[PDB]
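I have placed the structure first, in the form of structure tokens, so that the comments after it can refer back to it.
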Amino acid sequence: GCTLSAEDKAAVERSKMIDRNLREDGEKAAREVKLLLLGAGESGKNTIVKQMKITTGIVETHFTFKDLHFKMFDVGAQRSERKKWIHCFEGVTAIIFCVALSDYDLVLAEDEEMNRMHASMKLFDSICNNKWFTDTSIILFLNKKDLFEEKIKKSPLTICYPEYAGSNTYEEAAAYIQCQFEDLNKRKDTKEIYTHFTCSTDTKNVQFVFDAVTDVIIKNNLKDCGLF
Amino acid sequence: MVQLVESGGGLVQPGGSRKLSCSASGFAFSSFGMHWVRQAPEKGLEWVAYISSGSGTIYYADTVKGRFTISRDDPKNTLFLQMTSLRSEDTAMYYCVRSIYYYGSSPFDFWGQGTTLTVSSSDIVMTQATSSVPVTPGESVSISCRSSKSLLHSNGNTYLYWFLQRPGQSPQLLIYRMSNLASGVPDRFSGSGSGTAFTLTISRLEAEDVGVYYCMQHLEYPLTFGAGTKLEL
Amino acid sequence: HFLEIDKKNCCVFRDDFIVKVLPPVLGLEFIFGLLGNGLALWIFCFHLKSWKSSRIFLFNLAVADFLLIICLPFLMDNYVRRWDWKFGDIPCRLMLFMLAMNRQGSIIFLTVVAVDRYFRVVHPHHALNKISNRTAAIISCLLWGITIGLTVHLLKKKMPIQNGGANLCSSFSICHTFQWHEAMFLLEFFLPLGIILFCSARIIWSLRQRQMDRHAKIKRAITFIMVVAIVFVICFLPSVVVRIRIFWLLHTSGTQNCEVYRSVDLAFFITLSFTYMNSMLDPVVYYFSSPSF
Amino acid sequence: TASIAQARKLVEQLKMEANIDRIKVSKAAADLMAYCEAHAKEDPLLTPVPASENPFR
Amino acid sequence: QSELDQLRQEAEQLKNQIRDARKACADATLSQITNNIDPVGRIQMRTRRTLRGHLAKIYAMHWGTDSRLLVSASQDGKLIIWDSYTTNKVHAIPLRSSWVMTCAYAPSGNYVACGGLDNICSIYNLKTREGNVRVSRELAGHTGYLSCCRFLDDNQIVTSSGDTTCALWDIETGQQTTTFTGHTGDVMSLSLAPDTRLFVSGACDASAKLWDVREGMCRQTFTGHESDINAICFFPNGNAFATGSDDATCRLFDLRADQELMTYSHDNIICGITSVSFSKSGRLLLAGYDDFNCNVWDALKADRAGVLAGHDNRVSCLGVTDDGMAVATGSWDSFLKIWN
Ligand SMILES: C[C@@]1(c2ccccc2)OC(C(=O)O)=CC1=O
């Protein structure tokens with residue numbers, strides 16, 4: 001009150017101005033959508049990023065669509081332990097996962113016994129059933145589907161899945177893959193998985209992402225009222 | 001480089017009006033408070049008006065209350081001073097001063113190069129009894145300033161400022177809050193005091209220290225300057 | 001014989017069925033509403049941690065309902081003694097202002113909640129859906145000011161006037177001058193009903209068009225949205241219907257002959273407890289029957 | 001022979017920490033106790049100060 | 001594959017003789033001697049200030065040497081300098097990368113540092129002839145995220161990284177003067193000795209190492225923990241340090257005895273330690289936990305002497321002023337509290 005000198009009052013006014021600027025920046029940040037991009041290096045993250053946007057560390061990509069501002073965060077460059085920094089992304093709107101369909105017959109360079117598809121399944125299981133993402137929806141992308149159609153004839157799907165008992169029909173194999181991936185999650189009530197099939201689709205990927213984000217945002221809005 | 005350039009002034013008839021403006025460059029204008037300081041042709045400094053960062057706070061001297069108005073244009077980095085009903089006692093050199101306020105900052109650190117205005121035809125009292133101290137190079141000289149009211153505050157700060165005005169130059173800040181050296185000031189200067197009696201000590205006197213020394217209080221809003229003490233070689 | 005002149009010609013009736021029917025149901029309403037509203041109140045003030053833009057409106061609804069409930073042990077003694085007000089003169093006009101203010105405030109705060117849910121469901125990306133707690137407070141203050149301004153004229157009126165050895169404390173009497181209070185009674189039900197119906201139909205239409213119906217919590221939200229409209233209509237329709245009947249009788253037969261309003265007056269005063277029962281019913285629909293509380 | 005260099009470096013490092021001298025645990029315990037006793041009166045946390053000289057009063 | 005097996009066996013015997021020497025030099029236990037001293041009373045510290053303005057989780061804080069100013073880093077992409085006496089905000093520095101994990105304040109008070117998932121340590125000059133804070137230097141050597149950084153002086157800074165390495169930097173030239181490469185896991189924390197000639201680092205391989213700043217070599221290695229070490233701090237004397245890990249225990253190590261001295265654990269505490277610090281005299285050991293509260297330990301008797309409660313989320317950082325007057329805690333609930 002009146003017990004402050006002139007310089008003290010001026011410092012208080014400066015602090016108030018800083019507070020106003022901080023609140024404005026916080027509101028501007030809160031008006032925007034955060035997404036985490038995960039997957040294998042060759043699984044098709046780069047083509048997804050290129051479709052959305054039409055050295056080491058963390059790579060941010062910013063794009064707009066129907067007046068909504070998105071920013072994707074790519075953490076593929078961090079080779080360190082994932083559990084020490086994965087808690088920093090708690091609170092993202094959704095997680096985008098990319099899996100290459102043409103990986104069912106390929107194997108990793110490090111281990112020939114360890115095929116790429118099972119490694120992708122292990123990573124998906126670890127990410128989905130995580131203590132930090134128990135309420136975060138996952139957008140799943142299956143990219144190399146024309147190559148999948150080409151390779152489903154010469155190389156049967158039974159190579160990756162010994163217990164597969166279906167025909168070599170393309171949509172049947174795709175349905176089997178999607179069902180196998182969608183069965184890793186153990187919440188089934190707090191988490192929903194959106195699966196889409198994209199090879200070179202134009203603006204279909206962005207529209208699908210926008211629809212999934214709107215569906216997540218509606219259910220988040222219904223949390224504030226309390227009727228959800 | 002930091003630069004403050006004022007423009008305007010000249011010759012004004014009594015009772016007329018005129019606006020002075022100051023253009024700033026080389027620093028973040030919108031983060032600083034700004035002051036107008038006056039200089040009579042033979043007398044000392046006299047505070048006029050102040051505007052804070054964000055224009056939230058504005059203060060005026062008693063003699064210019066109502067007649068003068070002060071405004072700032074942040075996007076253009078320009079400060080304004082509109083004067084109305086000018087009197088014969090308004091003739092002076094008008095300086096523009098920048099000041100920033102936070103813990104450990106140095107207010108009144110940079111002064112502009114003022115412009116001459118010519119017109120045709122309670123408060124803390126700061127006293128500098130000595131008006132002339134003839135000196136010789138290499139000698140240690142002390143300059144004393146005393147205040148009617150105690151400048152010590154309950155927070156442990158003593159709001160006393162020392163300034164130096166070389167011949168044909170704008171005033172320069174030397175000591176802020178009674179003990180702290182300004183960034184460019186050499187270490188030969190030293191400040192001390194206790195509440196009411198204050199002193200500035202110059203050691204290993206050079207030939208560039210010839211000028212008028214002023215003491216200022218920053219405790220109460222009507223900032224007041226003591227009559228300067230001139231050093232002659 | 002039943003004619004009276006409070007300030008104009010106005011029939012007034014004293015009936016025996018009121019003493020039999022109103023005290024029990026009104027006491028049950030009072031106790032249940034007091035319990036529920038107080039419980040929700042001290043859960044809100046203590047157990048909650050973070051306050052959002054919708055819980056502020058819900059808390060305003062709770063305090064309005066609590067204020068309406070706490071001020072009706074005194075009209076129990078005006079019903080058990082036929083029509084007899086022994087509490088004075090100020091405690092009549094003051095509580096009439098209380099009731100006519102809290103009822104409208106409660107209706108406004110159901111409308112606000114309905115509009116909020118509409119904007120959060122149908123327009124997910126909108127500035128209204130993200131507003132700080134400092135704007136909800138000022139909106140609440142403005143709405144309270146609106147309801148107080150619309151109710152304030154009830155504080156200056158000629159209350160306890162002797163008719164046959166008893167004093168009357170009732171702003172709902174069968175007169176003919178078109179008092180503004182009856183217009184407010186009709187207007188506080190017509191427009192809010194339309195707003196609620198529109199904002200409810202659009203929510204289910206959007207939730208069905210976007211195909212969230214397979215989710216169980218979406219179905220629970222849909223049914224708890226239908227419950228609000230059903231409760232509002234069943235609590236506020238009969239009073240308006242009987243008032244319209246009374247107005248039609250006044251326009252056709254005229255006020256020259258009383259004793260033709262004997263049944264409609266009793267029906268209106270019996271059904272007017274449904275508005276009070278609404279304040280008892282809505283705390284559990286809005287507060288307790290939610291996944292988070 | 002890519003990792004032979006780092007294995008030999010590890011062996012050399014272990015040889016370096018092998019020759020480092022050690023003292024008794026009791027001496028270190030006494031040193032820590034003496035340090036804690038000497039500066040006991042200078043710790044404002046275990047010896048609360050009056051509100052006259054408390055900056056956060 | 002023959003010489004490698006011989007070298008591994010030689011290392012096994014080297015570790016065996018190190019263990020034997022450590023057992024031989026362990027004549028008594030610090031708990032055995034200390035039992036005769038009088039215990040400290042119950043510690044009743046109450047909140048004195050609450051600093052608000054961060055809109056996301058707070059990850060790091062650091063006190064100034066004047067014991068009045070402090071800097072805090074949060075995920076909202078802002079670096080705030082506080083005046084703890086008046087709760088005034090002195091500066092607000094917007095970071096280029098909002099994924100900050102650490103922050104440091106220079107002893108002279110002229111510079112501040114921060115870093116995180118960008119693998120870059122940024123230096124900000126707080127005292128410019130202008131009225132703003134601007135970036136002075138950026139260090140881009142590490143190939144992993146930066147977990148800790150501490151100023152040696154105005155021109156030297158030491159950083160720890162997720163690439164299992166620690167480095168000493170020259171700020172003027174922006175170059176790596178020295179590199180430390182002993183660890184086999186992610187380095188999570190480091191502490192500077194009072195004389196600033198040695199420093200200790202704790203990594204995810206459940207080990208701590210004592211480094212020589214000048215020679216750039218590992219002097220000693222300390223074991224005993226079972227999980228990743230998240231925090232480390234020297235005893236005020238400089239001859240000991242304390243580590244906190246994910247196995248819900250804190251331990252004290254002696255440099256001269258090359259072994260553990262005490263263990264600070266309770267059977268009903270099962271969450272990991274996030275931060276640890278000492279009091280001015282070294283008698284009190286303050287540790288932040290995942291269970292939303294800090295525990296004050298008697299560093300000489302390993303008995304809990306107080307509790308700091310009042311945070312609604314995980315306590316991520318804490319520090320004690322250089323004069324020992326106050327303790328500050330930061331939490332994931334976006335609030336900073338000053339205790340006394
Ligand atoms: C019947 C009435 C009443 C009854 C007894 C005492 C006061 C008021 O209840 C309403 C009301 O709450 O709106 C108006 C009334 O006249």
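Whatever order the structure lists ligands and atoms in, that order sets their numbers, starting from 1. All heavy atoms count here, side chains included; hydrogens, waters and symmetry mates do not. Lettering of chains follows the sequences in order, A, B, ..., and the numbering in each one begins at 1.
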Starting from atom 1 (C) of ligand 1, locate the nearest protein heavy atom and write down its residue, its atom name and how far away it is, to 0.1 Å. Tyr79(C) OH, 3.3 Å
Between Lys57(E) and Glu90(A) (salt bridge meaning N to carboxylate O under 4.0 Å), is one present in this structure? yes
Would you mind running through ligand 1 and noting each atom that sits below 4.0 Å from a heavy atom of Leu99(C)? 12 (O)
May I ask you to decide whether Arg120(C) forms a salt bridge with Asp224(A), counting only side-chain N to carboxylate O separations under 4.0 Å? yes
Residue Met95(C) vicinity, atoms of ligand 1 by number, heavy atom under 4.0 Å: 6 (C), 7 (C)
Closest approach of any protein heavy atom to atom 6 (C) of ligand 1, naming residue and atom: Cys169(C) O, 3.5 Å
For ligand 1, which is the ligand I care about here, please tell me if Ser171(C) has any N or O atom under 3.5 Å from one of the ligand's N or O atoms. yes
Electrostatic pair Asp213(C):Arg208(C) at N-O distance under 4.0 angstrom: yes
List every atom of ligand 1 that sits less than 4.0 Å from any heavy atom of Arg103(C), numbering the atoms from 1 in the order shown and giving each element. 11 (C), 12 (O), 13 (O)
Are the side chains of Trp180(C) and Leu187(C) in touch, meaning some heavy atoms are under 4.5 Å apart? yes
When rounded to the nearest 0.5 Å, the distance separating OG of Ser170(C) from CD1 of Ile161(C) is 12.5 Å
Could you tell me, atom by atom, which parts of ligand 1 come under 4.0 Å of a heavy atom of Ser170(C)? 16 (O)
Residue and atom name of the nearest protein heavy atom (relative to atom 12 (O) of ligand 1), distance in Å to one decimal: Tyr276(C) OH, 2.4 Å
Residue portion contacting ligand 1 (non-hydrogen atoms closer than 4.0 Å) for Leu96(C): side chain
So for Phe74(C) against ligand 1, with non-hydrogen atoms under 4.0 Å, the contacting part is neither
Presence of salt bridge, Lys86(C) and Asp77(C), under 4.0 angstrom: no
Does the pair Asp215(A)/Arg210(C) count as a salt bridge with the N-to-O cut at 4.0 Å? yes
So which heavy atom in the protein is nearest atom 5 (C) of ligand 1, and how far is it from that ligand atom? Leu75(C) CB, 3.7 Å
More than 12 heavy atoms of other residues, nucleotides or ligands under 6.0 Å from CD of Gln256(C): is that the case? yes
Could you tell me, atom by atom, which parts of ligand 1 come under 4.0 Å of a heavy atom of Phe172(C)? 10 (C), 13 (O), 14 (C), 16 (O)
